[PDB]
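For reference, the structure is listed below as C-alpha cells.
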Amino acid sequence: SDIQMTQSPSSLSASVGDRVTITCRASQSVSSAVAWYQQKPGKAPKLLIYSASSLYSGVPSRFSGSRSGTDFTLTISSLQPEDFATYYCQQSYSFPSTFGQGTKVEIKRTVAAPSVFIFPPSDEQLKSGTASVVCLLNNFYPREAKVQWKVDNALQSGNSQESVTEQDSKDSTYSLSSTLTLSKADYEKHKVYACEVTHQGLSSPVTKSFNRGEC
Amino acid sequence: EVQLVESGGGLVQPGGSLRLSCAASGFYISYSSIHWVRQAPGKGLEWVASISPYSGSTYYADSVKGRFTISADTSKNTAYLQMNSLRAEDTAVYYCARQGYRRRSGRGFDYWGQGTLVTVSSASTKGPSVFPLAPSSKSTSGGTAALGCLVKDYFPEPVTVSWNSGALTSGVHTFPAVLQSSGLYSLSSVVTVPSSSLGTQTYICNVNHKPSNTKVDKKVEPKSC
RNA sequence: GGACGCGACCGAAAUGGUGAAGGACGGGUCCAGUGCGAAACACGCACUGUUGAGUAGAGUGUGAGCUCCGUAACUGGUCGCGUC
Ligand SMILES: [K+]
Ligand SMILES: [Mg+2]
C-alpha cells in the first residue's frame with residue numbers, strides 16, 4: 001500500500017494577523033518523516049518544516065509543525081502579507097514519496113461586486129469562421145461567481161470556458177473572463193448576445209448584452 | 001550559493017521521448033539524494049523519482065515506473081530524467097530538488113530548481129491570432145471602460161502579454177490560458193481605463209509567443225457608432 | 001611417635017577427546033529498530049530490543065563453562081613396608 005497524505009482544507013480565507021492551521025493525515029505510520037513546503041504562483045516550493053516539527057534554517061518562527069500520531073499540522077501563529085500562498089505536506093518515511101493535495105491560503109476582505117463587460121467578436125476573427133464572445137468580471141470578492149450565456153434568450157451550455165486571475169496583490173480581488181465560442185454561421189443566425197452574472201455583492205443578477213451588427 | 005537549473009523541457013508527441021537535465025551548482029550531487037517532482041498546471045506537487053548517494057539506488061512513482069529513468073553524471077555535476085513513452089498526462093512543470101543534509105534538515109528538500117515545462121501533445125506549434133476586445137460604444141461599468149486583446153489558438157504554452165511596451169501596468173489582468181478542445185490554448189488580457197480618454201489615449205497589447213516566432217502588437221480602438 | 005626412603009590408593013593445577021544446553025555464558029551468530037558517517041536502500045560505526053531468536057547450526061568460532069571418557073605436574077592427603 002502506497003501511503004496517503006490527506007490534506008485539509010483545500011483552501012481557507014484569513015485576515016492578516018490570524019492564527020491558521022493546515023492538516024495532513026497519513027494513511028499509515030510515517031514516523032516523523034514529514035516536511036512542509038510553501039509555494040507561490042509561478043515559483044518553486046520552499047521548505048518550511050522538516051521532520052514534522054523542526055523549523056528549517058531561516059524560516060520565521062511564526063511557522064510551526066506538530067505531530068499527533070499519524071496526523072500532522074502546520075500552524076501559522078499570525079499571518080503576514082507574504083504568507084499567502086499554497087502549502088504542501090510531504091511524507092518521506094518510505095518510497096514512493098507522497099505530497100498532500102495542497103492548501104491555498106487566501107486573504108479575506110470586504111465583499112466587492114464585479115464590474116461586468118461584454119465584448120462581441122472582432123470582424124477580424126469573423127473573417128476566419130469562428131466567433132469568440134467574451135465576458136469580463138472585474139475586481140470582485142469573494143471568488144465564487146456565476147456566469148451564464150444567453151443567445152436570443154436561450155441558455156447556453158458546454159460551449160463556454162472560464163478563467164480566473166490569482167488574487168490581486170493590491171486590492172485582494174479576483175477577475176474572471178468567460179468565453180463563448182461559436183462557429184461564424186451559428187453566430188450570424190442570432191441577434192442578442194448576453195452575459196448574466198450572479199455574485200454575492202449583487203442584490204440581483206446583472207446582464208450585459210449587445211445586438212449583433214450594432215455599434 | 002546553492003542552485004539547481006533544469007533544462008531540456010519542451011513539446012513532444014505522445015509516445016515520444018525527452019531527457020531533462022538538472023545542473024547543480026554550489027554543492028556536489030554525490031553527497032546528496034536528488035529528486036524529481038512535477039506539477040501539472042493548476043494541480044499539486046507529484047513526486048516522480050529519486051537517486052540515493054553511494055549506492056546509486058533509484059526509486060520511482062508507480063505512474064512513471066518503467067517509462068522514466070533517473071541518473072547522475074557527477075563529472076558534470078548534473079542529474080537526468082530520461083522520459084520515454086510519454087503521455088499527455090505527463091504534461092507538467094518538472095522540478096529537480098536536492099534532499100538536504102540529514103543532520104541539518106532531515107529528509108526535507110531544501111533546494112528546488114525553477115522548473116522546466118514539458119508539454120505532451122499531438123498538436124503542433126502555432127502562433128496566436130490576436131484580436132481586439134474593443135471598448136463599448138456606451139459609457140461605463142463602475143465609471144470606467146474596459147478593453148483588451150484576445151490571444152487565441154496558440155501552442156504550446158507560454159505566451160507573454162504587456163500593454164504599451166510595459167508602461168501601462170495598472171488595471172491590467174492577463175488571464176491564465178485555457179486549453180481548448182482543439183488542443184490549442186487561448187487567453188485574454190484586459191485593462192480598465194477611463195472612458196474620457198478612449199479617443200485620444202493609445203492602447204496597444206504586446207504579445208510574444210517565442211516557440212513560433214510570433215510577436216505582435218495590436219492597437220485596440222473603439223470602432224464606429 | 002618422628003626423620004629419611006620406596007610403593008599404592010586418594011586428591012589435583014593443567015590438558016586430549018566427547019555432546020547436550022538458546023539468549024540467564026558470550027561472540028566478529030542472526031533479525032528488527034533508532035542515531036551517526038555529506039549516507040532512508042546498500043556499506044561502516046554506535047546504541048536498543050520484555051520467546052530479540054535454530055543449540056553446533058540459518059557458522060568456516062580448533063570460543064568460555066559444563067556432561068561424560070581419559071591423561072597428568074604436584075613443591076598435597078592416607079595406608080603399608082624398610083631403617084633408626
Ligand atoms: K548462536
Ligand atoms: Mg544500514
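In what follows, every chain begins at residue 1, and chains take the letters A, B, ... in the order their sequences are listed. These values consider heavy atoms only, across backbone and side chains, with no hydrogens, waters or symmetry-generated copies.
Among residues at least two apart or in separate chains, disulfide bond (SG atoms under 2.5 Å apart) pairs with a member in residues 68-126 of chain B are B:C22-B:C96. Among residue pairs with one or both ends in residues 79-93 of chain B, those qualifying as side-chain hydrogen bond (donor to acceptor under 3.5 Å, both in side chains) are B:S17-B:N84, B:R38-B:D90, B:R67-B:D90; sequence neighbours excluded.
Annotation: B:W112 is in aromatic contact with A:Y37 [ring centroid separation under 6.0 Å]. You'll find the ring centres of A:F72 and A:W36 outside the 6.0 Å limit.
Anti is the glycosidic conformation of C:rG16, whose angle departs from 0 by more than 90°. Base orientation at C:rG26 is anti, since its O4'-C1' glycosidic dihedral falls outside 90° of 0. C:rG59 adopts a syn glycosidic conformation, its chi angle falling within 90° of 0.
Salt-bridge annotation for A:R143 and A:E162: absent, with no side-chain N of the basic residue lying under 4.0 Å from a carboxylate O of the acidic one.
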Polar atoms only, N or O, under 3.5 Å: list the protein pairs with nucleotides 38-43 of chain C and their distances.
residue: C:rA38; atom: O2'; partner: B:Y31; partner atom: O; Å: 2.8
residue: C:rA38; atom: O2'; partner: B:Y54; partner atom: OH; Å: 2.8
residue: C:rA39; atom: OP1; partner: B:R102; partner atom: N; Å: 2.9
residue: C:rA39; atom: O2'; partner: B:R102; partner atom: NH1; Å: 3.1
residue: C:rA39; atom: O2'; partner: B:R102; partner atom: NH2; Å: 3.3
residue: C:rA40; atom: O4'; partner: B:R107; partner atom: NH2; Å: 3.1
residue: C:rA40; atom: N7; partner: B:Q99; partner atom: NE2; Å: 2.9
residue: C:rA40; atom: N6; partner: B:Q99; partner atom: OE1; Å: 3.2
residue: C:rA40; atom: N1; partner: A:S92; partner atom: O; Å: 3.3
residue: C:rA40; atom: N3; partner: B:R107; partner atom: NH1; Å: 3.4
residue: C:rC41; atom: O2; partner: B:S55; partner atom: OG; Å: 2.9
residue: C:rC41; atom: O2; partner: B:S57; partner atom: OG; Å: 2.5
residue: C:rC41; atom: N3; partner: B:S55; partner atom: OG; Å: 2.6
residue: C:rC41; atom: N4; partner: B:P53; partner atom: O; Å: 3.1

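Applying a 4.0 Å cut-off to non-hydrogen atoms, none of the residues of residues 62-80 of chain B approaches RNA chain C.
The pentose of C:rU60 is categorized as south (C2'-endo side) on the basis of a negative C1'-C2'-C3'-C4' torsion. With respect to the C1'-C2'-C3'-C4' torsion, C:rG63 shows a north sugar, the value lying on the positive side. The pentose of C:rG28 belongs to the south class of puckers. Its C1'-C2'-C3'-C4' angle has a negative sign. C:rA53 has a negative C1'-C2'-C3'-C4' torsion, placing its sugar in the south range. The pentose of C:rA32 belongs to the north class of puckers. Its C1'-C2'-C3'-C4' angle has a positive sign.
Across C:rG11 and C:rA72, the matching P atoms stand 14 Å from one another, rounded to whole Å. As rounded to the nearest Å, C:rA53 and C:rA58 have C1' atoms that lie 11 Å from one another. Across the P atoms, C:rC69 and C:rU51 are found 38 Å apart, a figure rounded to whole Å. Between the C1' atoms of C:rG16 and C:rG49, the separation comes to 41 Å (whole Å). When the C1' atom is used for both C:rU75 and C:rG27, the distance is 39 Å, rounded to whole Å. Spacing of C1' atoms, C:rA21 relative to C:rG63, comes out at 15 Å, to the nearest Å. Taking atom P on both nucleotides, C:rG19 is separated from C:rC68 by 15 Å, rounded to a whole Å. C:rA56 sits 8 Å from C:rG22 when the P atoms are compared, rounded to a whole Å.
Aromatic ring orientation, A:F99 versus B:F109: perpendicular (interplanar angle above 60°, classes split at 30° and 60°). Ring geometry for A:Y187 against A:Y193 counts as tilted: the plane angle lies between 30° and 60°, on a 0 to 90° scale. Ring orientation note: the planes of B:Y185 and B:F155 are close to parallel, at an angle under 30° on the 30°/60° scale.
Where RNA chain C pairs in unbroken runs of 3 or more (Watson-Crick or G-U, both distances under 3.5 Å), the stems are C:2-10 with C:76-84, C:14-17 with C:68-71, C:31-37 with C:43-49.
The cationic group of B:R98 does not satisfy the cation-pi geometry with B:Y111, failing either the under 6.0 Å distance to the six-membered ring centre or the 45° limit from the ring axis.
In terms of heavy atoms, B:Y28 sits closest to B:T74 at OH-CB, 3.4 Å. Here the closest heavy-atom approach between residue A:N139 and residue A:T173 is recorded as CA-OG1, 3.3 Å.
Under the rule of centres below 5.5 angstrom and planes below 30 degrees, the bases of C:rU51 and C:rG52 are not stacked. Legend: stacked base step between C:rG19 and C:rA20; six-membered ring centres less than 5.5 Å apart, planes less than 30° apart. Using a cut-off of 5.5 Å between ring centres and 30° between planes, the six-membered base rings of C:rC74 and C:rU75 fail to qualify as stacked. Without both centres closer than 5.5 angstrom and planes tilted by less than 30 degrees, the six-membered rings of C:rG27 and C:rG28 do not count as a stacked pair.
Within a 6.0 Å sphere centred on CZ of A:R25, heavy atoms belonging to other residues, nucleotides or ligands number 12 at most.
Contacts of A:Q38 classified as side chain to side chain contact (heavy atoms under 4.5 Å, CB included), with partners at least two apart in sequence or in another chain: A:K40, A:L48, A:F63, A:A85, A:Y87.
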